[PDB]
Structure formats: C-alpha cells, structure tokens
C-alpha cells in the first residue's frame, strides 16, 4: 500500500494513512477548559486518516506546561465535546492522548508540590517555556499504593475522554513522561513490583493500558512510545528488550495501534516492534511524502503521523496528494495561550475563492 490507501485500525476504517501526531499547543489557558478555537483547529485537520490530540493531563499532578487542557473534570469534558463534535461534523476520527508528565514539571505548575516519579532522580536541563530559566527539580518517588492512584487517574481520564465523544484514547507512553520514566532503567530504580525487571518496569504502562481497555475495549486504545530514548533524560541498558516486551504485551492485548516517535535510521527498533506487536504500527518523526510512501510500501509501518507539518498545514492530506508546497511552520507560535489563533488556526489552505 501507499499513504493514500485506506487502513482498518481497531474499530475504524481510516480513509488514508496520514495521521496527525499529538501536538501540545497550550491554547486552553489557565482554566484548562477546551474552547471553540481548539474545536476549529482539529476540525481544520479532519481530512486526516486519524487525529491524535495534544497531550492531555489526567490530573493536576500531571501538568507540565502553563495553558494545557485537562481531562480530569466535568467542565473540561464538556469543553472537549465541542472538539469531537467539530471533527465528527467533518467526518473525521479523533483519539485523545492521555498524559502524566511525572518528573518533567515544576512546583510552580503544581501549586508548590514536587512533581512525582518512580524514583527521586531529577531530569537534566531546564524546565521548557518557564521564565526565568530553572533546572528540573528532584521529584518525589511514589509509594507503591500511590502508583495505583496514578492508574486510577488514567482510568478516570479514559472515562472522561469517552464522555467527551472521542473515538478512543492513546496513552502517552513516550518522551520521558511518567509511563516512560517507569519503563526505563535509567529513571526507574524502584525495588517494589514497579522496578527491577523489564516485567516490573512495564507494569505501570500496562496497568494504565488495561484501565483504558476496560473503558474503551482494546480496539479503541493506542499506545505512543519513543524507543530511541532521546528526549527528557531517558535511557535504558537494553532498549530492544524493554520496547520489545511492551510491543509483545500490547499485541497480546490486541490493542488498536502502537505509535512511535522514532526517525528512520539503521538503529530503528520500529520494524522489530511492528513485528512483535503484530498489529497496526504508526511511525513518526522526520517523515516526508516519499519516505512515508516508501516505509508503508516496504511493510515497515502501516501509517505515518506528521507533527510540525500538521501544525503548518491544516489541509496536509490534500497537499501530500497534490505534491503541493507545504507552509513553513512558525516555531514562535507553536506554544502559548496568548497567541490565540496566531500560528494555530490561521495557516493558509490551498483554497482562494
């Protein structure tokens, strides 16, 4: 197949294999309530085979950025209904990315509380976007019973996404956030049932996945991974065995899809993870029209998610079909509530009259 061929993914027939990657934009602002501009933004992109939302924290403890939307409250759930209505009114399909940042945050975003983690080990470098610039804090290690609290927050988030009219949920198991912190032996030095073997390190991700499956059915659950461990101070002494284990466990659960942020190189685990998973595999990171087509024709991926191209190109599917020029993304308006429509809902389409 090629990028334009349909694909069945769980209980959905995608009309094409162009996916919108999850993209944090912070256009909700300090109430965390989704708004009509966010609804318009996803509706603009509804020609996608599948849309994935921006990461959505399942609890205030999972907030890493000012202006993120939430999925923990009824008022947030009501606000998301506008977004799913907008997408469904344009005949699109959308999953919510459900999220907990763990140690990748700052007490000023958590009402003075420490971010939480499997282990009291700070991420390297500075908190993104916050001024003045400051290092990540040493996080607070969860008790064993507080890990069950995290799973419950994921379950309730999966429930609220369902009440908000989503077609499914994708777990943010990627980019050094909480599930990835638990998964990798660089960040997880626990000695309870959540540390000290690949089985134990994968347990939180797989419990969160099982919570989502109980709400949605396996067909309406995806899991997002970053097997190169190249963002937010990640690292594991055997990435092939760690990610292989996750892929095989999710495959035994027959979930809708695995997605991965992982650019193509000789060291890519994607083809091995796709094989171990046995289901739909959505690749991502630095793909273009030709490399997307070549990867799908080679059976290396079933579909391709685009991040920065979908920021700048609401009609990306039509532009890729036409081999038309792409709008250049403006990184200065990727993030920030203040921006409103600017660099959000105002990128041009090919249409003129």
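Residue numbers count along the first chain shown, from 1.
Averaged over Cα atoms, the B-factor as recorded in the entry is higher for 322 to 330 than for the other of 322 to 330 and 280 to 288.
Taking the PDB entry as given, 331 to 339 carries the higher mean Cα B factor of the two stretches 16 to 24 and 331 to 339. Ranking 262, 145, 167, 159 by Cα temperature factor from the entry places 145 first. Reading the B-factor column for the CA atoms of 220, 126, 172, 93 in the entry, the top value corresponds to 126. When the modelled residues of the chain are ordered by C-alpha B-factor, residue 72 sits in the middle third. When the modelled residues of the chain are ordered by their C-alpha B factor, residue 302 lands in the lowest third. Among the modelled residues of its chain, residue 293 has a C-alpha B-factor that falls in the middle third according to the deposited record. When the modelled residues of the chain are ordered by C-alpha B-factor, residue 256 sits in the lowest third. When the CA B factors of the chain's modelled residues are split into thirds, the value for residue 3 lands in the middle one.
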